[PDB]
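The structure under discussion appears below in the form of structure tokens.
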Amino acid sequence: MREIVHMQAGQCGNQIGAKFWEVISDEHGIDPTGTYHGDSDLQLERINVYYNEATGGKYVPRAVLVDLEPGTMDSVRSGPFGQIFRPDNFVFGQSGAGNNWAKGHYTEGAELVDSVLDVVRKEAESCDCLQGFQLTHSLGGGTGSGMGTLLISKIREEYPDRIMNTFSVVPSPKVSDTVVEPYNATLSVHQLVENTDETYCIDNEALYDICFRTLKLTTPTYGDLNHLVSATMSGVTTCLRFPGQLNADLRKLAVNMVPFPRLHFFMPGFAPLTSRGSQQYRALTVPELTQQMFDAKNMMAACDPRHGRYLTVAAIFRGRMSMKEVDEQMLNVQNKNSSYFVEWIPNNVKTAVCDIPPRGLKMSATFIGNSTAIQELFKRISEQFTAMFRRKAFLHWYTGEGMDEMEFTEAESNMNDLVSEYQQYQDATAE
Amino acid sequence: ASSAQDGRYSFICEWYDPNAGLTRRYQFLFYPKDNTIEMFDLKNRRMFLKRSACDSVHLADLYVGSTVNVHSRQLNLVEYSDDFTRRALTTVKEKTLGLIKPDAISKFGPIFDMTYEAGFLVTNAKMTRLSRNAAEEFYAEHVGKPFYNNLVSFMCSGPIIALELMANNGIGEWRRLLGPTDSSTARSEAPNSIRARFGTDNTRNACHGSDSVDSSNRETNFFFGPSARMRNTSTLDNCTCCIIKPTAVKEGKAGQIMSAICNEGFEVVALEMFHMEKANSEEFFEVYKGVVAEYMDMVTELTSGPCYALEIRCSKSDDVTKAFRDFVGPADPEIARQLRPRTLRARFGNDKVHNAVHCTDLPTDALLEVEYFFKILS
Amino acid sequence: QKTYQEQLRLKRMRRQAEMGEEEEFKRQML
Amino acid sequence: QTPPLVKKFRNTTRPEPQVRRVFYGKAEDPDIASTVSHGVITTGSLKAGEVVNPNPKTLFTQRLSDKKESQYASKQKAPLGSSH
Amino acid sequence: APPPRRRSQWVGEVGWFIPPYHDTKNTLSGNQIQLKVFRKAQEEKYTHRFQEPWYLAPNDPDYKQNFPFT
Amino acid sequence: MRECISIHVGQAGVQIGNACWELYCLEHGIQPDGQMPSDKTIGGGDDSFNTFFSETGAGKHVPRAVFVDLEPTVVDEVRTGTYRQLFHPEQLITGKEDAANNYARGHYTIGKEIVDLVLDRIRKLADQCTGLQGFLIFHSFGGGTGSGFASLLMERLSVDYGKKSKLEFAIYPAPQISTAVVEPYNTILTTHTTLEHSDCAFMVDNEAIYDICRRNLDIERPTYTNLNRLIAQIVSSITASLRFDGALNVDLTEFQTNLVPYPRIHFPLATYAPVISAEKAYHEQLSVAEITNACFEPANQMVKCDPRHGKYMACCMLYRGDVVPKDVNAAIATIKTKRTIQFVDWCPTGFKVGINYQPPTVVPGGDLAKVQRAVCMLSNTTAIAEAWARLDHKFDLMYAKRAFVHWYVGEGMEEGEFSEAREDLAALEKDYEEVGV
Amino acid sequence: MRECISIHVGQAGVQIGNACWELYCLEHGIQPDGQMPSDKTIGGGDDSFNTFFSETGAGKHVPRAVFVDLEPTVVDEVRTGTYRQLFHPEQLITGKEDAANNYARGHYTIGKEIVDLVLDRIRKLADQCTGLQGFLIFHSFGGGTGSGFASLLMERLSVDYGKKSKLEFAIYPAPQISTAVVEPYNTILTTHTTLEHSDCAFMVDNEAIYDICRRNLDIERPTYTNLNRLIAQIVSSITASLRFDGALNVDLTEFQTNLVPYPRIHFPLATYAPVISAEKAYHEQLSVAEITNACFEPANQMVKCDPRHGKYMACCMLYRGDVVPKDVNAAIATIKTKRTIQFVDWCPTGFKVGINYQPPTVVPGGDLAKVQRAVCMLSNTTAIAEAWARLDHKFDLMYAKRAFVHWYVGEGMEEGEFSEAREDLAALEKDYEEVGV
Amino acid sequence: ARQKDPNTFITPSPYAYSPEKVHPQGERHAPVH
Ligand SMILES: Nc1nc2c(ncn2[C@@H]2O[C@H](COP(=O)(O)OP(=O)(O)OP(=O)(O)O)[C@@H](O)[C@H]2O)c(=O)[nH]1
Ligand SMILES: Nc1nc2c(ncn2[C@@H]2O[C@H](COP(=O)(O)OP(=O)(O)OP(=O)(O)O)[C@@H](O)[C@H]2O)c(=O)[nH]1
Ligand SMILES: Nc1nc2c(ncn2[C@@H]2O[C@H](COP(=O)(O)OP(=O)(O)O)[C@@H](O)[C@H]2O)c(=O)[nH]1
Ligand SMILES: [Mg+2]
Ligand SMILES: [Mg+2]
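Structure (structure tokens):
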């Protein structure tokens, strides 16, 4: 058994983590009170991978909720599956970051990071194997960005041998969202470069696009987006859970998807996203499941894969399936779209298969893409960063909290060096 | 593996010393699941026999009042110690009395064969006539209707063979193997019983049974009790003495021997099963004494339990002794199997010690030996 | 000949089992 | 008190202090297990009391054996106390 | 709504229909080998692992190896 | 007595063993609980099962194999599914942390933790053993446990057990379809160790099994279950002469001394015939000429390289079932007179044949048919050099600018072993060329 | 005749005693109230229980045990437990205070006020004894009663009686696991007195029985119950030849004349085979060669000393159950021909074999399986010196700072006793090192 | 002549080869604090 812990920082991160906990709880057959009401044994063969052993018939999920506002904690306790979490890991401040990276890192950072690491140590030393850390923080927020990056740095300093997947919720490239959004994005991607053994970056605007053009349901709001991200995370971590013909854990995905150490930014996706009016009309099979998961319309990262080249692509399937069809379609996508694949790596696809599909579907798949097209997101972030930085707007706040333009330009320098590194391995030839 | 805490069957065995004159008492434990016999000695507390492994001793025999030959020592199982054995062996083990009817005297060979095939071990057996005074065991079935008169006529007409049986689940297994009380019902629902294949309609059946408990006691005390004088059906005359050996009786081939003798001509006039003593067997085998080296083996084999004795006569006179010797010919079973194979001791014999049938050798000693069994010991 | 007929009967029984499981999963979907 | 369905899997991970650890599989199988002899039982062996000094043979059996052992070559051109 | 099963409880399998199926004609014959007398001899010869009373000759050079002290 | 101890290492090897022990239980009439039926029993002195099973006290025939996986998933599936009362509870050896497609992680790290326990269990199985013929080691070149831990097991079995022949069945990567990405690195790093410590390395190509299944068995959607079933059938056809008497009996040492010319060319090619289904088998005659032409037909080998661009050196024809040596040697003569099967000029006779009477068995509901005769082609061609060159091309193309090397360096591998393994396999290719010419 | 007084001193001694007399009663068929049932009828000349159970005229069998401890809770638990009517109530000597893990409390104080009473009690047992062959002193080297009063008892039994054997079973502290903090002080202070007034000191270690029942019996949390059960099984296998008769048998003089070369090397390692569970024994042959090889495992020694760092001087080979001397000789020959089973040069033959026909009995609700065969290994090795080296390192580390010395020097004991004991055990270590060459 | 029989096999030697040093199969890892 390879146990992972869950970290959820910020309001968006806490909501996404709670949705993830409930969508793995209902497939694990757990009620919100903790008593196992499931009927199959497969959903509790390995249930200690996410849920700490407790007395009675109760399994207590192993997550840490980090925030600077008690209102989010009260809302997530009043919401579904709020009583399955013990109140001991509910650490929260009384001031509020207000989407301030420097305030969430220095002013109220180290005051809360000590308690968060105390809870992390209490969970982790109680763990026996301790595979990895699964952080679902958001880029551009308050406690999500700065406190989460400080947590990543502290966890790397404490246990520099363990895999962590962090999810780094990327905001919409358009509209405005936050006035200090490029500042928080640059200040977060500075640490996303640093330790961050794997990052699965999700884009809110692309989530809106995939909800509006593929699943419909009229308005997208946020619940469908959260369900999509939650299904993606469950499909990612299914192999440490439910068995299969070919399994692949976090470490196997990190080895098979990260060529060089600063190539850990992934572009995920989920299939099949059939509509309610087309579920009875769609013949769900491996070929058009592969087409759906490799379609450019269904990437939850805003970068279009047609303008870049995939370095590595992980495909984690779930269901009644044949491995010949799996690797045949994964070779067919190479042979068809050979332009959007680097020629210095044969077999740019890592496959994995579980034989327990999610309930209500014969088949499901999870796309993971270490594309070179993700450098356009960081290029746009750098462009907005220098546009709002050349006039020194909304920077006196961060200098008052304790940061400096030397750190600003260091983050800009290593981020656009990373962009140029993506460009060099995008335009690098074979011989 | 063998342990010190296995199942144990404890008995007290008494062996009479050829020297001295007192019967030593030993504690005789029979461990099953490996068939190992061990022996303690009450008085002079010491060690007599270890675990070891003996053939003779077989869980099938036991049966208090029996003789086991352990390392050429004739131990007599005299009483049950070990309440474990008292709940393992004595439970639902009763004794009956099978009374062979005069019309079933002709088929007493096969009747004994089926009793031995069932497993009813015998304790006494005697062929008598019951006179007109057979009503003393029919006081129970009296007055009610003339079957009492029919029964006292059928008992006084023809010979009677009385048996004292003993088996587990007694008095019910004997009635089960006899079937119902009528031959019509017997060949209606149970066509494999003594009353089915032998006998005719009611009050002329093939046997009697033993009713129930304490009626078995009344019958056994009336027939084979210490106060019962019944007198066998011996008539001397031109006759031969046949001795079915206790090895044959223990192996259960006694009924087969009886059936073969009755089938191959001949006739049995007197039947009586004895329990021979050492000096009595020596005085029976004094004619051999010092003409065969196996005389001691013959004596210690004859003193090994049941001693079925038969008075054999023949319708065709010829020489009765010579004809019976030809039928029960060559003494060694190897001789009788290689030469004249359709003979007794060849159908039923192991070695010359265990001939399993004994016959009178000299033609002038058959009457003496018949007089010794049927006119001296009874 | 008897061995081949028994083998074909076993294959037919297996194929009936897969027809049963696929119609069961179709009723599950509906 | 733990429900039995979850205690099934808790016995593998964190059981009671005593009692042998069981697996979540192999349970609700008829646990014959103990009360079994648990080992090979020697080899055999026929004893050397009847293979080097066997049971003595009777006069008739040995005379039949000598009858069969006759009409050879070595046993016929040279008996013990005679000639051919 | 029945739950998804294991690998074993599938048609197309590793361990389905193994109890009710037994290969009758193929391996009830004498084609399968026996442990007869001269394989039992080899299997019973295993009881002499380095206990055989064969000692090396004094006319051989490798004798002071087994007699070092004298 | 002709015992043939087995080690199944890796997820792939565990699945091969899961098919193989089902097939062996069906072949020897052993129930999944471990006992043998009495009406099945042809006498208490049966001895076929002693090669693969040991009877402990009451007809409990436990198998003589060790299942290895650093992650517990597949071995827990074994422990919970069907064949759970068959295996010894400790023989199914597992860790907790997996190597996760990394030769250096399987060789220089956590793989070096349970190696002592696993080959202590191997040592105690060999102590139970008395007539040890060889080690059947099933693994994959894909990576992780089957690549580095298997190499460690080869090294320690080699310098612990002496000569003690070690037949190594390995799942070789396919030319085009593949699963892992660092799979060429793992294959190149594993070959350098297995070259000096294996004795017969049977490469199996997943794509070869796939197209064999879809054109011969007519299975439109085959899978790993059918793959391991076919590999189990072939390894049973190999070690069936040790378990059943034959007109010409071949052992694991006669096989080797008639197969490998030089002690570096020990990479044969397995092939089964027929691999046809029941409907196609009932309408066809299937004589020995057809089962030989199926073996020598070049779209039937189990590594994706045709033997027409190569010279045969040795052929270990293992015939199974009702076959006569007369049809066998007539077919061998017509194969020799066939010009397109070019034998090498320094090997006049190159056919080692072993006839076994015992007909092959089928699983209850697989895809192979119960045929009265079958044959195992065992080629020693030079055609595997094309597969070696393809893996050299892949390894050099990914090693051009040091991709996926930091993982191995962090796990503990030095930067030189990649170059050493590349030079070793280049020397092996030079050896194949100079022995082919 | 060949009787044995068992003196259980200290809490560990009393717990081993009431987990061992249960096994003795089960072996001899005695229900706990005292009488042998035998279905209420059988007895007489079966003199097997005289080695441990004195016979009264009422048919009640009283054990030959002296349960002594200064602090009266564990002995009171014995008196109020299920084995209440078994022991003689006067044989249950309790003091009033606690020794509190102090050697002085027991060698120079309150234990001295009860040692006269305990000697009178042992004398009144030995008067009923009619040729007592030896004492079995069960104690722990942890401290207080098990070292102090126990060492004083051993000196008084050395002054009295005389030449009679005085075997002890000593619970030794683990290299890492330590219940108390004065364990090194107590061990060095008790070694100086048990070196000369002993003749055989069986060596066990709580961490080693922990590991043995953690791997083999696979119990994750080992309490003291199964530990004392395993120690009880060892003592039962040792005394089985004094009780239940069989083949070639080894008793209290045999395994001292054949194990003690010099009158200072008398610290043997007692291991037991097969320590196995029911499920692991079900899938296992458990032959003579296997159970003999199990005793030479490094992971079966019941003290945590590495057997590689030292030769073997002598080995007592105590077999129980359905075992044959031919198979025994085969196993001994295999052990002798295995080269790195390293025997010392002044010992061509070093195996004293005893064989008994009694198989072991398993306690109801226990954890061992009822195996037909069993082996007790009594090995004399140089490897025990590393435990003394670890204890010398601990003693020197604590004595450098003069920590925890004030209790000992204030409660009667002198300061120089620590240095005298340290140099005595250093001389013992030098003797072991100079004899191991 | 009394001859030497052929050697069967020397099957390692369980004294210098050491398993030891391994956490036993499937009992968590005894959580250190
Ligand atoms: N023929 C066949 N090959 C298999 C099977 N399962 C896995 N494989 C091969 O195994 C490769 C995947 O890597 P694995 O061998 O499973 O890696 P591992 O041995 O489990 O070691 P880790 O990567 O550390 O988990 C694939 O490329 C397959 O070719 C199977 O059932 N049959
Ligand atoms: N094997 C085993 N060892 C025990 C047991 N109980 C205690 N011990 C050992 O005893 C040590 C503790 O010292 P004790 O033996 O209790 O000391 P004592 O002889 O009772 O004397 P006091 O400390 O004064 O009570 C521990 O380190 C244990 O190793 C037991 O039940 N079984
Ligand atoms: N997918 C998703 N995104 C959200 C949700 N709520 C907020 N966000 C995103 O998070 C950003 C605001 O971050 P915020 O919650 O203020 O971070 P915090 O201050 O650390 O709690 C916005 O740009 C949103 O796009 C939600 O429920 N689902
Ligand atoms: Mg794996
Ligand atoms: Mg105490």
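Going down the list, the protein sequences come from chains HM, 4J, 2S, 3J, 9W, HA, IA and 9Z. Take the first sequence: its position 90, counted from the start at 1, is 90 in the deposited numbering, and no numbers get skipped. For the deposited numbering, add 1 to where a residue sits in the second sequence, where the first one is 1. For the deposited numbering, add 350 to where a residue sits in the third sequence, where the first one is 1. For the deposited numbering, add 64 to where a residue sits in the fourth sequence, where the first one is 1. For the deposited numbering, add 85 to where a residue sits in the fifth sequence, where the first one is 1. Take the sixth sequence: its position 244, counted from the start at 1, is 244 in the deposited numbering, and no numbers get skipped. Take the seventh sequence: its position 84, counted from the start at 1, is 84 in the deposited numbering, and no numbers get skipped. For the deposited numbering, add 111 to where a residue sits in the eighth sequence, where the first one is 1. A virtual CB, placed ideally from N, CA and C, is assigned to each residue, including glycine.
Would you identify the three-state DSSP class for residue i, choosing helix, strand or coil?
{"i": "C295 (chain IA)", "result": "helix"}
{"i": "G106 (chain HA)", "result": "helix"}
{"i": "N75 (chain 3J)", "result": "helix"}
{"i": "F49 (chain 4J)", "result": "strand"}
{"i": "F154 (chain 9W)", "result": "coil"}
{"i": "residue 342 (chain 2S)", "result": "The first residue shown for chain 2S is 351 and the last is 380, placing residue 342 (chain 2S) beyond what the model contains."}
Can you say whether residue i is buried or exposed, counting buried as having 16 or more other CB atoms within 10 angstroms of its CB?
{"i": "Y262 (chain HA)", "result": "exposed"}
{"i": "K280 (chain IA)", "result": "buried"}
{"i": "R230 (chain 4J)", "result": "exposed"}
{"i": "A427 (chain HA)", "result": "exposed"}
List, in order along the chain, the chain IA residues whose C-beta lies closer than 7 Å to that of residue i?
{"i": "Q127 (chain 9W)", "result": "Per Cβ cutoff of 7 Å: no residues; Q127 (chain 9W) is ~16 Å from chain IA at best."}
{"i": "residue 1 (chain 4J)", "result": "An answer regarding residue 1 (chain 4J) cannot be provided, because it is not within the stretch 2 to 379 covered by chain 4J."}
{"i": "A112 (chain 9Z)", "result": "In chain order: nothing, as chain IA lies at least about 22 Å away."}
{"i": "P125 (chain 9Z)", "result": "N293, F296 and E297"}
Report the neighbours of residue i on chain 9W: residues whose CB is nearer than 7 Å to its CB, in chain order.
{"i": "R364 (chain 2S)", "result": "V96"}
Which bits of chain 4J does residue i rub up against, with CB to CB less than 7 Å?
{"i": "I209 (chain IA)", "result": "Those do not exist, as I209 (chain IA) stays about 26 Å from chain 4J at its closest Cβ, beyond 7 Å."}
At a CB-CB cut-off below 9 Å, which residues of chain 3J make contact with residue i?
{"i": "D333 (chain 4J)", "result": "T122 and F124"}
Run down chain 3J in chain order and give the residues with a C-beta less than 7 Å from the C-beta of residue i.
{"i": "residue 439 (chain IA)", "result": "With chain IA covering only 1 through 437, there is no way to say anything about residue 439 (chain IA)."}
Can you name the residues of chain HA whose CB is closer than 8 Å to the CB of residue i?
{"i": "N256 (chain HM)", "result": "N101, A180, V181 and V182"}
Extract the residue ranges of the beta strand (DSSP E) inside the region 88-170 of chain IA, only unbroken runs of 3 or more that lie entirely within it.
Entirely contained in the region 88-170 of chain IA, the beta strand (DSSP E) runs reaching 3 residues are, in chain order, 134-140.
Around ligand 5, Cβ to any heavy atom closer than 5 Å, ordered along the chain
My final list is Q11 (chain IA) and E71 (chain IA).
Which ranges does the alpha helix (DSSP H) cover as unbroken runs of at least 4 residues, wholly within the region 12-48 of chain HA, from first to last along the chain?
Within the region 12-48 of chain HA, no complete alpha helix (DSSP H) run reaches 4 residues.
Please list the segments of the alpha helix (DSSP H) lying wholly inside the region 111-164 of chain 4J, counting only runs of 4 or more residues, in order along the chain.
For the region 111-164 of chain 4J, the full-length alpha helix (DSSP H) segments reaching 4 residues or more read 148-157 along the chain.
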